[PDB]
Amino acid sequence: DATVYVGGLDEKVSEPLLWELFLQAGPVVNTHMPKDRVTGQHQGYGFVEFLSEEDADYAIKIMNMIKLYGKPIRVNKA
Amino acid sequence: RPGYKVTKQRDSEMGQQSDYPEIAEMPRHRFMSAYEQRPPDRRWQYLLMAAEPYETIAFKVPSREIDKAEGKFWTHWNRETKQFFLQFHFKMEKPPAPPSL
Amino acid sequence: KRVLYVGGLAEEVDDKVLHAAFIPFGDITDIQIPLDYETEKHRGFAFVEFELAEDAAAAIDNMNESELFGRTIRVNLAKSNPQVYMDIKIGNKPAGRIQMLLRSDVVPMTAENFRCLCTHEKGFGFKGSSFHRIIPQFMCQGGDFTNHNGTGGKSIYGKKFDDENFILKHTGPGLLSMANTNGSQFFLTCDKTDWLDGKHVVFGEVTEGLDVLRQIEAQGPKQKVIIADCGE
Amino acid sequence: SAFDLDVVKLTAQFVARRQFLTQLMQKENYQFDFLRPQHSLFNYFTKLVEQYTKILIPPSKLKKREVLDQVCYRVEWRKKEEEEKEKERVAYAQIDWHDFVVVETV
Amino acid sequence: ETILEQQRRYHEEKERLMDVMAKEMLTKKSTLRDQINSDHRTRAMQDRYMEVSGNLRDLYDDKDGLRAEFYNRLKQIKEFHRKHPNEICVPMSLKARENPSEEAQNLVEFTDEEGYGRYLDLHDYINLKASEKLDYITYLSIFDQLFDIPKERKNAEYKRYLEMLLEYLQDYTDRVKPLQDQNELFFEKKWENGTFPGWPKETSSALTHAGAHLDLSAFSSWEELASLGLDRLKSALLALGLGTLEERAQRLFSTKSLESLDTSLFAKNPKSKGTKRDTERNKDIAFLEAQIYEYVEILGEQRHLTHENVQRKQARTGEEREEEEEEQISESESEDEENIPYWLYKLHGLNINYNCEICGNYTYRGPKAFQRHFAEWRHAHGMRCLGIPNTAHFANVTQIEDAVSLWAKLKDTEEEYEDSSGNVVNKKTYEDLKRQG
């Protein structure tokens, strides 16, 4: 479970408000939030690696309460 | 009272010979308000009947209510599509005749 | 399936007339008649709730298109295991009624909680609350009648109650399941959501008004979705 | 629930052989409140008694291949439909109800 | 004890069992069908279902999925029927109490375990759905009844008997297939065209062992049929019929191994000292021979099936035979119900052998990595679940032992009684003397 997939975001969000955002729950050890080079903008889906698995299963339970730019945030195991 | 009955006939194995169980298993009816059309005049309902290949068909219903019954059967719940379809339609699939009343 | 819509009511018809006209079919629990306070008269229709769904059914069959006070009336469904309803308003517009069957046979404590929250018989409930989280092809979540954002709600038993069992699975759209630590928050599924099996308690199903649930889903919220009325 | 069970089954034992209980009720207690068809448990009561009534039937030995045959016959004694219905709902929801081409009116 | 209650519980349990084996027969009709078919060829009278039903695996309208499991459930139903027979047996063999029922009124116990523990005791072990076997027969294992070469009744392993046979004929001119050809002999051939002389010792012994095997195999592969019924049937056929062998030329044969002109001399020969001697010495063997005969007849389909198998395997190659064996094996041991920077790593200090003792005596290839182990999910799980709380304090030592004493290293007022001696007296103690005072 150490990693999660996160959908439905707005590009003003970046890797930092994800950092800050999910460490509110529990620390994101490895952050991945693609920067698209071609048009220089984000599609808004994320992958998160944690310290171990327990962090991330609690993360499955609590985790999908985040709302990025008035809008819904997908978090599921991976 | 008084009710309406329609008898719609379909192809005689003429073109339906070219059968991959894709919704092949009945015609559907719905009551549409003329308030929306591809918008000149309106104000009456239509008893539209549709089947995949063939073209849609409509029948104007000026009377506010006819044959609108009251608990015909004894409340059995297989909604199919809606109360209208199960309540008052028959699909002779062997002969390809759709009756509606 | 206990609530009926009754239209075509003459001005002289009131709650007393309705009680007398429908009681021959069975005991009645409630009669509501919307009023226009500027005129002090009703708007020509009402909702009659029977104790038993079977009686409501017999009434529809014998009273639809019957005569009351000289004119023809219209009677139909407005929208052992309890059946409850929610009337939904989207933006400023009524959307219709969702009717739900609660599986008291499988999850009695969970079903009873939701039932009471529909009737308000314990002093609080769903009326006027919102569907605050709506995700297309997934689910419509509501029941947070205290905080309106997914952090609140309360059960009839206290803040929280146990997961009774996970017998009922998330097999398709139109199922009722508890959000969660059960309180009052719940969701209506919009597809098979089997990844939630064993995590959320499923406790009921939509019996009428799947189309109204689809209208809620269409807002997944872009516009406010409110439980304008509810009951049993 | 052992108490309730025991009293139900006992009053059921005597009731199986119906005057002793109707006398007990008038002689004695909110204990036998299940005697009235109002009290839910009453139903299960009607079961137990019947069962005991049955034991009185062949008070004769049972000398029952046959057992197998029987279980087969008991065995002998919806999904697809649901599926088809689903299909119908999908298609009905997915066709143009605005492709009108009417002929007459009634 | 009121017998009414006991007899009641008995009839109820019987009902429960019937319902169980009926549910089984329902999910997979084959269970009955299979059984019944065999029964058909043992007790000719038996009425059997419409062929269509058998094939489509249906009982009424619904065709059920085709299913080791069939046999399993058949043995389970076997033990069920045993229970039933027992209960049926024992079964064949007011205010006073209601007052004593008042005993021990004050118990806070929920009691929902009489019909539920039974219904459950006999229904289709695991948490939810892993093992088809009921709690009743949770330790039932077919592999302890069938060998791998028998494949739960598919084949019967006769290679072993081919060995013993070679040992019996004192040569090697006999091949597995020629041995099976010999077995085929078994209503008159096995008697009038014997492989060996039927008065030979080695031979009679062999025949005994083989017969026993075939019989046990028979009843093993068809649990559902009443074994005692079959046994008695055969025995009565043996006694009542077996001058059963008659020839229009030689007359009547006797299993004395001689014929007889007419029935008359045949009867007056059954009292003679010769026949007395023989029937008194070779009785068990004759009877065993006969059993081998009739049981092999009842298993003709299995005999053929195996002979076929033999020829197949025989005509295989190496790889083929190997893969086939693999298949038989899998079928045997399967659940009855399915669910570059070289100097860089030295410089950075990695790929160097190291071990953490507290974690599964785990191995770590780098010192930076092991230093990162100190803050981890699993490491903290071992600590905290071990009873050693997770904090920096312990972020050094690996061995489980030392941190236990470290955690032991990690983990009183005076209320003045009135006699002026209670200045040594504790708060709670003086409160207790408040309650006493």
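In this document, chain identifiers A, B, C, D and E correspond to the written order of the chains, with residue numbering beginning at 1 in each.
We take it that a residue touches a chain if its C-beta (ideal position, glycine included) is under 8 Å from a C-beta of that chain, and two chains touch if they have at least 3 such contacts.
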What is the touch distance from subunit C to subunit E, in steps? 2
Can you give me the shortest step count from subunit B to subunit D, moving only between touching chains? 1
Of A-C and D-E, the pair with more C-beta contacts is D-E
Mind having a look at which chain is the central one, using mean CA positions? D
Subunit A and subunit E, separation of their C-alpha mean positions in angstrom: 51
Averaging over Cα atoms per chain, report the distance between subunit A and subunit B in Å. 50
Averaged over CA atoms, how far is the centre of subunit D from the centre of subunit E? Could you give it in whole Å? 36
By residue number and range, which residues of subunit A touch two or more other chains? none
Residue numbers in subunit C touching 2 or more other chains? none
Based on which chains are in contact, what kind of graph results: line, ring, star, complete or other? ring
Ring order, please: subunit B first, subunit D next, then the rest. B, D, E, A, C
Residue positions on subunit B within touch of subunit C in the complex are 65, 68-72, 75, 77
Subunit B contact footprint on subunit C (complex, rising order): 54, 57-58, 60-66, 74-75, 207
Of subunit B, residues touching subunit D in the complex: 4, 23, 25-26, 28, 30, 32, 36-38, 46, 48, 50, 52, 55-63, 66, 78-82
Which residues of subunit E touch subunit D once you look at their complex with the stated criterion? 2, 4-5, 7-8, 11-12, 18-19, 21-23, 25-26, 29, 32, 35, 39, 43, 46, 59-60, 81, 84, 88, 91-92, 94-95, 97-98, 101-102, 105, 107, 109-112, 114, 224, 226, 229
In the complex of these two chains, what residues of subunit E are touching subunit A? 375-378, 380-381
